[PDB]
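Encoded as C-alpha cells, the following chain is the form deposited in one PDB entry, with no partner shown.
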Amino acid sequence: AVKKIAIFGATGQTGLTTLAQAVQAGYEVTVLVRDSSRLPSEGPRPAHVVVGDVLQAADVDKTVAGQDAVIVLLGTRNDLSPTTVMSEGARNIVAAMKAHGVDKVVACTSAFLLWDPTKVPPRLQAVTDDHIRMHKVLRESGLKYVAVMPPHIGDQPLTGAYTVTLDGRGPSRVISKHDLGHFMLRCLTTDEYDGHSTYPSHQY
C-alpha cells in the first residue's frame, strides 16, 4: 500500500486541504514549495518540506525520491496567461518518477478535457492548452496515471459522498476543494481509475 507521497501544488486551494487530509489519514507526505510561508502552522503538517521549484529538475528529483506515489495539484492561481508551467513541471515529475522507481501519479487538470473542447471560455483557453500538454505528458509516460478532471472547484464542506464518472457527465458541475482532495487520496488505494479520466462532482 501507498505510505509515502509527494504532493506538488500543496499550497494552492485544493493542495492545502489535500495535504491536511493526507497527513490526517496517515500518509508520510513530502511537499515541494517555492515559499514555505504559504504552508499553515495550524492543523496537520507535512513530514518533509522541500523548498524549490517544479521547473527545476533537481528540486523535483529531491521531492520524488523514495515516494510511493505522487499527487499533482499544480496550477497558475489567477494567472490566465499562456503558460507551460504545469506541463514542464509534469515533464520533470515523470523524469524523477522514472529515475526513482515511482510508478503512480494522480494529477489534476480540468473537466474541459472531457467536455466539448470548443466550449472552453476564451480566457481559460491558454491554461487549458497547457492542461492538455500536461495530460499528454502523463498519459505517454508509461506510468500508472489517474487523470482527475474536475468541474468548478468550490468551498463546500468535505462530504466524501461525491460521484465519480468517466465521461464528464455527472450530478453537477461543482466539486468542493475538500472532496476533490479526498478523491485524489482515494485514487492512492485503488487501481480502478489507472489509465482513465475521472470526473468528480456532487450536489451540495
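Take the two forms, superpose them, and find the largest set of C-alpha atoms that agree within 1.5 Å; that set is the rigid core. Shifts are known only where both forms have a C-alpha. One-based numbering along the sequence shown.
Below, we refer to the form deposited in another entry, which is not included among the displayed structures.
When the rigid core of both forms is overlaid, which of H152, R169, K136, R34 is the one whose C-alpha moves 2 angstroms or more between the shown form and the other one?
-> The residue that shifts is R169.
Cα displacement of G66 between the shown form and the other one reaching 2 Å, rigid core superposed = No; that C-alpha moves by less than 2 Å between the shown form and the other one.
Aligning on the rigid core, do we see the C-alpha of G52 shift 2 angstroms or more between the shown form and the other one?
-> Comparing the forms between the shown form and the other one, which are aligned on their rigid core, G52 does not shift its C-alpha by 2 Å or more.
Check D167 against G195 at the C-alpha atoms and report closer or farther in the other form, compared with the shown form; the change is 3 Å or more.
-> Closer is correct, given that in the other form the C-alpha spacing of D167 to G195 is reduced by at least 3 Å.
Relative to what we see here, could you say if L185 and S36 have their Cα atoms closer or farther apart in the other form, with a change of 3 Å or more?
-> Result: farther.
Give the consecutive runs of 3+ residues, present in both forms, in which every C-alpha shifts by 2 Å or more between the shown form and the other one after rigid core superposition.
-> Core-superposed, the runs shifting 2 Å or more come out as 35 to 38, 40 to 44, 167 to 171.
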